[PDB]
């Protein structure tokens, strides 16, 4: 029986040139697993030494993995995810994971699962999903325009496979780029890729729809729009000053005027009464995704569900801090007819965990960025590999991704 014989972390850089950590968990069988961590929610631990990386170092977090965390886990069976995650959550001691750092905990949480997977000669998605499953290729939501709303996205719902979904997106991305250049508009990319041109949020959807049709896809069927209002950042809502109801009104408008299939954080995370009506109104017309309002926290999601808030949840591993807790959120969401979107973070790494995770959980949806930057594209390539490995038994979710 393989047991954990060593855990080691070191400091690496994320896709925004900010430090993060990478963890390797080594087993007695000599098999090992590696994982890196992407960039209210659980507390990531930074060094705040202003003479080093502008205070964003993660040396202390690395110390916690290599010392305290390591000692408390030596000898453990890596297959016992829940218990290992329990030992760490207890060791931290805080609701926050503020002592050891959510980044330190998650790094090892993930590396342990990779270790167990590798020891059994299984790809992560297989180790997590069963033998078993069921598996499905998730529908990707692709951040194409940014915001002088935070994200304007395309969603290749109508593709027959993930490989085709990917191609649909790439061809729209290229079509859009050619337009921006022709209009003398900005065509360089932000953190997740994606262009940041524009006079009035609306005109963003206009460019996109042009792009979709330029590439010979139908905005009704082949490809939809999605958006991330990130309204928490606009809150008693900032081009004008709108009340919650006037905010909902516009959302309702756009949903009618455009093929919007999903809306993220339409209202503020501090506006639960607003979310109630928004949901009441559109819960059957569009996907209403809670991000900041839920922060991948199962207790908060539970309260959201009881109180009729949203109809989908954005799942961010490092917002909660452990694999076990993340799977609980996913399971709770699925139990209650809520959509599940496995999500990247702004500061990503070459780590492709969310790809396997979306497949193994049959989440059916993934948000992992625009179509340039390997911080994003590596995730799509991993999904290419998985689809080609599972073939027929990982059908592309398509329309079936959306439950509303």
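Positions refer to the first chain, counted from 1.
J.: Between residue 148 and residue 149, count the deposited residues left without coordinates and pick a bin: none, 1 to 3, 4 to 9, 10 or more.
T.: 1 to 3 residues lack coordinates between residue 148 and residue 149.
J.: Are any deposited residues left out of the model between residue 238 and residue 239, and how many (none, 1 to 3, 4 to 9, 10 or more)?
T.: Per the record, 1 to 3 deposited residues are absent between residue 238 and residue 239.
J.: When the Cα temperature factors in the entry are averaged, is it 375-383 or 28-36 that ends up higher?
T.: Averaged over C-alpha atoms, the B-factors run higher in 28-36.
J.: Given the B-factors recorded for C-alpha atoms, which segment has the greater mean, 126-134 or 299-307?
T.: It is 126-134 that shows the higher mean C-alpha B-factor.
J.: At the C-alpha atoms, which of 191, 171, 264, 292 reaches the highest B-factor in this entry?
T.: If I rank 191, 171, 264, 292 by C-alpha B-factor, first place goes to 191.
J.: By the CA temperature factor listed in this entry, which of these ranks top: 95, 325, 164, 222?
T.: Top of the list by C-alpha B-factor: 95.
J.: Please place residue 389 in the lowest, middle or highest third of its chain by C-alpha B factor as given in the entry.
T.: Answer is middle: the recorded C-alpha B-factor places it there.
J.: Tell me, lowest, middle or highest third: where does the Cα B factor of residue 140 rank within its chain?
T.: Bottom third by C-alpha B-factor.
J.: Please place residue 111 in the lowest, middle or highest third of its chain according to the CA B-factor in the PDB entry.
T.: Residue 111: CA B-factor falls in the lowest third of its chain.
J.: Once the chain's modelled residues are ordered by C-alpha B factor and cut into thirds, is residue 260 in the lowest, middle or highest one?
T.: Answer is middle: the recorded C-alpha B-factor places it there.
J.: Quick check for you: using the entry's CA B-factors within this chain, is residue 177 in the lowest, middle or highest third?
T.: According to the entry, residue 177 has a C-alpha B-factor in the chain's middle third.
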